[PDB]
Amino acid sequence: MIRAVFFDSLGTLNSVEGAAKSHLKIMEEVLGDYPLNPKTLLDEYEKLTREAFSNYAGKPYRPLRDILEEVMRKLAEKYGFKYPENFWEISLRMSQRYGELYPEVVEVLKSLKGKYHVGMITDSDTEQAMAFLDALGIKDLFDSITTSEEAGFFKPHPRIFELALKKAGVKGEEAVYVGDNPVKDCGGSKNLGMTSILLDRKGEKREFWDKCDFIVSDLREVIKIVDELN
Ligand SMILES: [Mg+2]
């Protein structure tokens with residue numbers, strides 16, 4: 001039976017309308033006064049990271065700090081603004097301020113907790129992951145936090161799911177994984193036997209609904225699915 005429920009972080013629990021805001025303010029901070037539109041830097045930044053996250057998918061871990069910094073240095077040299085050494089520090093500050101949870105998050109974690117092992121599986125560095133959960137105040141709502149730094153590999157590599165299943169002591173078939181990336185989340189968890197639930201609040205990922213077992217648009221639908229399976 002289902003004795004565990006695992007969630008992704010970005011795009012699943014934190015409001016993308018909140019991450020987007022934070023990132024804009026990060027770039028505004030880095031610039032300010034400099035004759036470059038902050039929104040233009042943001043879009044170029046997102047393009048570069050997207051490519052970096054694409055190139056490391058399912059491969060050996062490498063500090064996200066070094067990756068994201070190679071990108072900013074690239075952009076600073078390209079546009080001529082001062083590379084902020086405290087880029088990593090400024091990033092966190094803006095997250096803790098403008099980053100927020102989707103409305104039903106606490107509600108859902110509470111229900112699943114107690115009766116089912118509740119864990120997190122993220123590609124983020126371990127320290128970044130802790131500070132983040134601590135900022136949104138949901139650290140103690142999890143029984144386990146599993147990261148790529150700990151597994152040595154990024155999603156969808158199987159090792160990051162295996163490790164989370166071990167920390168829990170359950171078998172893949174006895175576990176569920178909730179995420180918003182059809183291939184990285186659902187495709188990855190699937191290789192371990194886990195039951196996959198794709199979150200798609202905007203109803204856009206219709207094109208990739210088949211790669212997943214279930215499709216929800218509100219995390220409250222997960223408690224339903226679980227019991228239905230038990
Ligand atoms: Mg995601």
1/(1 + (r/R0)^6) with r = Cβ-Cβ of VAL16 and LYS110, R0 = 25 Å, i.e. FRET efficiency to nearest 0.05, evaluates to 0.65
Under the 7 Å Cα-to-Cβ spin-label approximation, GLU77 and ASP210 lie apart by a distance in nanometres of 4.4 nm
If the chain between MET1 and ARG65 were fully extended at 0.36 nm per residue, the gain over the current Cα-Cα distance would be 19.2 nm
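Between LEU229 and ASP140, how high is the FRET efficiency from 1/(1 + (r/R0)^6) when r is the Cβ-Cβ distance and R₀ = 25 Å? Nearest 0.05.
On the way: r = 27 Å, r/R0 = 1.06.
After rounding, the FRET efficiency stands at 0.40.
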A correct Karplus calculation of ³J(HN,Hα) over region 212-223, with 6.51 cos²θ - 1.76 cosθ + 1.60, θ = phi - 60°, whole Hz and x for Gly and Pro, returns 10, 6, 10, 9, 10, 10, 8, 4, 6, 6, 6, 4
The relative contact order of the chain, taking Cα pairs under 8 Å that sit 6 or more residues apart, comes to a percentage of 26 percent
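Determine, for each peptide in 72-82, 123-133, 87-97, the mean count of other beta carbons within 10 angstrom over its residues, then list the peptides with the highest first.
By packing density, highest mean first, the sequence is 123-133, 87-97, 72-82.
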Flagged as over-length at 31 Å C-alpha distance, from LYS47/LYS190; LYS110/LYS167; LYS167/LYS202; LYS110/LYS171; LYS59/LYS166; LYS74/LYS184, the pairs are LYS167/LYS202
Around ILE121 (Cβ within 15 Å, Cβ-to-Cβ, excluding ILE121; K/R +1, D/E -1) the net charge comes to -3
Highest mean packing first, using Cβ neighbours within 10 angstrom, the peptides 163-170, 8-15 sort as 8-15, 163-170
So the angle from the long Cα axis of helix 105-115 to the longest Cα principal axis of the chain, reported in degrees to the nearest 10, equals 40 degrees
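Cβ coordinates were reconstructed from backbone atoms using ideal geometry, including for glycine residues, and neighbour counts include every protein chain displayed. No lab work stands behind these numbers, since they all come straight from the coordinates.
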